Each structure stands twice: as structure tokens, then as C-alpha cells.
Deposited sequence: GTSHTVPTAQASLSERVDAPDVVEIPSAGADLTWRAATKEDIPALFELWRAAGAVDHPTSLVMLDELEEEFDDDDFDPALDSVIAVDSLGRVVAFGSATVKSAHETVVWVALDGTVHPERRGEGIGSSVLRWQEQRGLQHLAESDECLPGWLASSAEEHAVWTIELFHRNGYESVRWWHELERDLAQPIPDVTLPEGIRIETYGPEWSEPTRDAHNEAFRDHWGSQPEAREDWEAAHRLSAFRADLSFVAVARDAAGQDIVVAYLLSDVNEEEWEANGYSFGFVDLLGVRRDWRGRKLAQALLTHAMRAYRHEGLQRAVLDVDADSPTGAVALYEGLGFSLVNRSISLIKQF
């Protein structure tokens, strides 16, 4: 049955009103600098090793899938300080799940007074509208996440009926320790990523991540947007290329965010995406790309490689990273309510 029939979505969503010194409204792009400061204040408590970047907020507000008039709320105190924000955002196409991202936060100094509950209550009402409006016969997931230490976020989500449904491990690899050498199958070469590989790599990724939990295919616009972020490092990203005519059979995309080095305790490159096409797996291509990237990171003087992995990876990514010397740093949790 359709989500528009399974979900009883409100005809009208009420912006919050609670907080005697608070004024609430939808956010606009003009709020981005104050939101940056909010996210940084909150992240110092909730996720100090990961920094929200200004250009991420800019791309989010510029995304055609995001209507800030209907998909965002912001709370301002009596001195005009921004103290909370929430959004509820859905993409335009869905493959196996209708994913609604419920992103928001409350300033650490204004927690424990019901402001988070107000934000999540609003996010869920708008989220139900996103689900019904999708008119899809797929699971509907209203979703957020938290680092395991952020019990204040986790407990708010559990209190509201969201469940911990998936676990993520951040892993690090010391680039000063020996990096193994791995050979490629015949007919395969490694190239540095660049614009000419964008579409072949998007195609490879969308196939490979059919086997990753939750993932939906990446539309071209969103793919290209993520590559405009200052953190993306095309020259530390690599593809393995075979002949079918060339095709990308494995790929590894990297970020470098030097503003995160201090809190993480080392300089590091971040493995953002790593995939191998189904028919080319079990041939060491992931190892070949990871080791190639680790040598590239080391040559630039970076101390570590860092990445995230589904703790229950169905294609064995955990064993892959463990065998290459990655070790646990931190854990995070997907918090989801299903319709």
C-alpha cells in the first residue's frame, strides 16, 4: 500500500511555539552564518571530531529538493541569538526506501527545557507530509543519527519512538606503519579522479552501493554538488579502470578537512566513498585503491587515514579495513522511525 494511505499526514504543520523567551520561524539563507555558529557550538559537545562547514550549509540551502519555507524552523532567544534549528528534507527519487532526513540541533546552553522535543515534533509532522507526498509503495524512514556518546540526542530520539537501527564505526589507520603492496588484475589500471571520470564513477557507485545498507542511487546534480565542497580532494581520489571501451570498476573518493585535524589528534585524509562493482569483487581492487590512497596521503604529509563503516557491512567491509590496519576510533548510530 502507498505511503499516502499508510501515513495519516497532517494537512497543516504547526511551527513550534514553546519557550517563553523564544521566537520561531522558518529559516532562510540569510540565517546561514548564525546557523554555522550554532552547529559549531552544538558539535563541540555532540561530535567534536566532525565540523559542519559553511559550504555544506550553503549547498544545503541551494538544493532544489529543499524548500526552507516549509522544510526548516529556527528558534531565536530574546537577545536575538539563534538557539535551535531543525529541518526535514526529502529527495525527489526513491529506490528502496523513502528517506526523510531530520537534521537539527539545540544550543548546548538551552538543553533540557523541551526545545529539542519541540524541534523533533515539528520535524516529524513535516516528515509525515514528505512521506505521504512521495506516493511511493516503499518503506518510509524518518531518520537522524548520533555519536554513541551523545546520549542526550539518543535519549530524545528513543523517547519519541525512534529506534537505534544501524551502527557505524569510525576507523583510523596510522600512515607511518608499513603499507602493503597489492597487484591489479591484468587489463586494469589506476587513474587519478577527475571530471572525465565523474559520470563513469557515479554509474559505478550507484551499482556498487545497491549492496550497502540504506543507500539510494545518487542523482547527477547531487553527485556534482558534493564535489564542489572545499573538503573534496580530486587529486587524492582514484579509480580502477578496465575495458568492456573503459569503465570504472572500483573507485575511492577522498576529503581533507584541515580544520578537523586538531580535534582528531592528527592530520588525516578521509575516505569518503569506496566501492567495487559486484562482478569485480574478490580481486583485491578495494585493497589496491586503499593502499594507493594511503601512500598518496602519506606523501602529502598527512598522518592518518580515516573512514566510516557499517558495523554490520554485508559485503565484509569491516574485515577489509581491519586487515589493512584500520582500528576503531568512535561509533555512531542511525535513529529511525519506520512507516
- Deposited seq positions with no alpha-carbon in the coordinates run 1-10, 255-257
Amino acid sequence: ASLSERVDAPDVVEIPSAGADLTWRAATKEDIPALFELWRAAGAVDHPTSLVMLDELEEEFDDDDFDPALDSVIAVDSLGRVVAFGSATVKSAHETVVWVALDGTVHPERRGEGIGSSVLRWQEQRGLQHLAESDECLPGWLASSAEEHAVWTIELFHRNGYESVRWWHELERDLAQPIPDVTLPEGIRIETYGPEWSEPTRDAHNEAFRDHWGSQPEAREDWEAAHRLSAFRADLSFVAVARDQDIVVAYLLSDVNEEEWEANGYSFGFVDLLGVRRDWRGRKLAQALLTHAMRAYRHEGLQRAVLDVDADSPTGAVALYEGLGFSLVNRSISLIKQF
From here on, numbers count along this sequence of modelled residues.
- Mean B factor on CA atoms, stretches 117-125 and 94-102, record says higher is 94-102
- So 199-207 or 251-259, which one's hotter by mean CA B-factor in the entry? 199-207
- Query: Can you tell me which of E109, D181, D71, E172 has the highest Cα temperature factor in the record?
  - Reply: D181
- For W167, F85, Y266, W213, the deposited C-alpha B-factor is largest at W213
- Item | Chain-relative CA temperature factor third for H130 | middle
- Query: Which third, lowest, middle or highest, does the CA B-factor of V239 fall in along this chain?
  - Reply: lowest
- Note on the structure: Among the modelled residues of its chain, the C-alpha B-factor of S145 falls in the third labelled lowest
- Divide the modelled residues of the chain into thirds by Cα B-factor and specify which third, lowest, middle or highest, holds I333. lowest
- Ranked against its chain, the third holding the CA B-factor of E58: lowest
